[PDB]
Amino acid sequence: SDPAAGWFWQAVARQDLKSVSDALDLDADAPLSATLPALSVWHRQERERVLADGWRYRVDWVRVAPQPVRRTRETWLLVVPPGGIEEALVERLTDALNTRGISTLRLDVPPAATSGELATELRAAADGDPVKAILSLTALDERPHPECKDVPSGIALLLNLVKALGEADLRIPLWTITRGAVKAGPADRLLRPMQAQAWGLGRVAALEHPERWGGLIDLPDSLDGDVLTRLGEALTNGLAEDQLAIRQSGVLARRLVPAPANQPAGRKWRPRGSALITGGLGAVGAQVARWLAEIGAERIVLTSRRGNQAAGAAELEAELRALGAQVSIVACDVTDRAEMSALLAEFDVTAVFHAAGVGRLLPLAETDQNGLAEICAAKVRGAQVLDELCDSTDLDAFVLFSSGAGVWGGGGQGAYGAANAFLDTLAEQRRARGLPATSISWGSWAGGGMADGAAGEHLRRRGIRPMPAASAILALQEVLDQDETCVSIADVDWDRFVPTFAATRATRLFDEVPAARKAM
């Protein structure tokens, strides 16, 4: 009933001054009169902290048992984007699909192909020979198109490819290959966040058009030995794994795993100097701001395109100043490198919180390259800009506000899932460079903001329970204290979530969440 009070009395017996005085934020010599107040606060907070512990999840990778060899010869269409890919790689893949039955039919995509044009190429290849599946390589094409700077050209291509299979009425599994979009074990250092976008989108493609969608596979850095053979068997798995990574140690499948925090944490995180929240005048940024003020940030810099013009801006400066912090509210687009650069240097910021972003529910079929740009630009490109600046092990915190939409997905959330899966890989890439980064993909928050709409209705109806802001904050604190990289923090009603989520499409994604097992 009360594990907090449990642990307290278990510390009281045991006589752990160290644990208790840490817990209460007090010195061994503190008077009872300071001790009592600190107790009631710890008590309210510990009970919410224990609640929030059960909201944590991480992404693991589990070994998938080899089960080949098998089958007779099929034709696959191999789709190759205009950039990002070495001929030597196409040949090695082609040659390894051949040595396992799969005959290859190569389609080369022109730059900025439309869904109309691709459906034509698909219609032609479909009639020619008997195509069983499509192996798309287009996600390796990271460069933006110059017309549309904020979208990687291969992700524009994936999109138009999912739509083109529709326009063509083509009912044929699409498989999406990436190299470095996931971290599947310690030792992965090829991390390519623009390619993670394929995974964020792909999970949604899988829900919206299960019939069009084979799966996602991540190739390793080193393609020596047998990895390319394992590719061939991965494409045929018949275990219905649809999120795979191929490594030195074989084929690995993506799982979501409860990640309860094993105590204690190795620090109590506090901002030193200035803290920056981009999108700091939104619902979530306002909370993050109140928290920083409460825990003694000397200055909070809040940015947004509207800046001081933003509804609530003057309320919020008042509240923050009433808690003793200095406040700077600036109008600044995240995507503007010079303005952000001047900004960081002027205030000497020591902690960055990236909350700039837009939410919109929009089916993949209704999404185009501009919509994708509209949704991604501040989140993704604001994250690169921040990453480029901040070339610095000194920073206390480089915290990205991501979403469950980017970790497991949901209908309507192609572009948003893409933008969010980028951040999780960006955070991993940064760590691999020796920099700090933290990416937290939230379930919805109570209060205003992105989960407040009829949108909040949709998400409640899918079995995501909004988290009280104060408990969300407590969980952020915890992540920061724990010095974590990626962790997902959501209050999910598994009874209701799973049946909705797995209506159209089976998934092994949640096999390791007990409450999710129960729910069919």
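Sequential numbering from 1, following the sequence displayed.
Chemist: Report the stretch with the higher mean CA temperature factor, choosing between 389 to 397 and 432 to 440 on the basis of the entry.
Modeler: Result of the comparison: 389 to 397.
Chemist: Mean CA B-factor: is it higher for 50 to 58 or for 32 to 40?
Modeler: Higher mean C-alpha B-factor: 32 to 40.
Chemist: Among 102, 355, 340, 302, single out the one with the highest C-alpha B factor in the record, please.
Modeler: In this record, 102 carries the highest C-alpha B-factor of the candidates.
Chemist: When you compare the CA B-factors of 257, 194, 125, 289 as listed in the entry, which one comes out on top?
Modeler: The C-alpha B-factor peaks, among 257, 194, 125, 289, at 125.
Chemist: Can you work out whether the C-alpha temperature factor of residue 45 puts it in the lowest, middle or highest third of the chain?
Modeler: Middle third of the chain for residue 45's C-alpha B-factor.
Chemist: Sort the modelled residues of this chain by their C-alpha B factor and say whether residue 460 lands in the lowest, middle or highest third.
Modeler: Middle third of the chain for residue 460's C-alpha B-factor.
Chemist: Place residue 468 in the lowest, middle or highest third of its chain's C-alpha B-factors, as listed in the PDB entry.
Modeler: Middle third, going by the recorded CA B-factors of the chain.
Chemist: Select lowest, middle or highest to describe the third in which the CA B-factor of residue 162 falls within its chain in this entry.
Modeler: For residue 162, the deposited C-alpha B-factor lands in the lowest third.
Chemist: Going by what the PDB entry lists, where does residue 271 fall on CA B-factor within its chain: lowest, middle or highest third?
Modeler: Within its chain, residue 271 is a middle-third residue by C-alpha B-factor, going by the deposited values.
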